[PDB]
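Below you'll find only one chain, the form deposited in one PDB entry, shown as structure tokens.
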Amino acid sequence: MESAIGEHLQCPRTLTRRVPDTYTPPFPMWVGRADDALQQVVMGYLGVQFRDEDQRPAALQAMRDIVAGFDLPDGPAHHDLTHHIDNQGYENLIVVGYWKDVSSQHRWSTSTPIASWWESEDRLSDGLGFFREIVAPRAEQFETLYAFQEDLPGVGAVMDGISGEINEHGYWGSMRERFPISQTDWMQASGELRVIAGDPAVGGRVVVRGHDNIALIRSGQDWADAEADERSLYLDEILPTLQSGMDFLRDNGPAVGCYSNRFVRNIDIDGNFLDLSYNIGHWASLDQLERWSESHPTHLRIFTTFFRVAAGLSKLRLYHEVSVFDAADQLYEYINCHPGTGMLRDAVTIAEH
């Protein structure tokens, strides 16, 4: 069978898999492929936060501004827009942009129209919350998994195409084995999530730096093309358990090592919901994410259902992308956001270490 690891990224092993070579997965799954040209991607999550109804027009307008900024030279190759309400009652609009290289994202982010907007004093006077959570995993530092072959969402949309059926899935620990770097590296977490400028308690501008091997999961659900019966199976039998799991991580993050958990719903440019959703989960380690997925009743509750429906699962599209990053490849920046927003919640303030 094909390997999840791109051919050019395969190397002599110092670390090995947990399954013998005779292993065959019990159902088909696929991964994103890209050739040697793709060395490091950028995933830029750009947010707008508000709580009061009277702020919605401005918030939607700001989102429209960000989206228009993407049509400028060196904008992302792909993007999508989502909405969610956090556990503080704040509505969050997030535009996720995907770039195929670090330098293009850097040229874009520092270009006059983009940088002037971000650095403007008007960002403080808007009354809105703004955030940029921008992370840049190397090709060896992310994995993808799709229960379908076409029209790849997220980072798969900027990769070169789709694989054949892959070997490394269907067992706990398979995710890790899909990271090309797992051939040689433990992806061990070290360091702390640190505030390097500002104070979450004061609001205004706050800058948080990530630590080595924070993991980010985007795990998605797409029921936009499902027929009535499959819609009901997802909405009545799968979603409740997924929602329970997302609520848990959202409200018990520090206990399990989840710095931030968002369960978001895709929207159009005007804020109308689309029938796609995903988790955006930032984790203190890859192994903590492994521990939760393989042992918590919620994900286990969630998980067997897929194994049952996989055979006939007909139009529901499920997938995830998981990434790890060097400390230097993560930037989490906040303007006038509540102190529980994203990486503000668990970050250690200038005195807390």
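Rigid core (definition): largest C-alpha set, two forms, superposition within 1.5 Å. Residue numbers here begin at 1 and follow the sequence given.
The next section is about a form of this same protein that is not shown, the form deposited in another entry.
(Q) Out of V67, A34, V309, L60, I need the residue that shifts by 2 angstroms or more at the Cα between the shown form and the other one, core superposed. (A) Result of the comparison: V309.
Q | Pair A311/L233, Cα separation in that other deposited form versus the displayed form, closer or farther by 3 angstroms or more | A | Pair moves closer in that other deposited form.
Q) Which is it in that other deposited form for the CA atoms of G312 and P240, closer or farther than here, knowing they shift by 3 Å or more? A) So the answer is closer.
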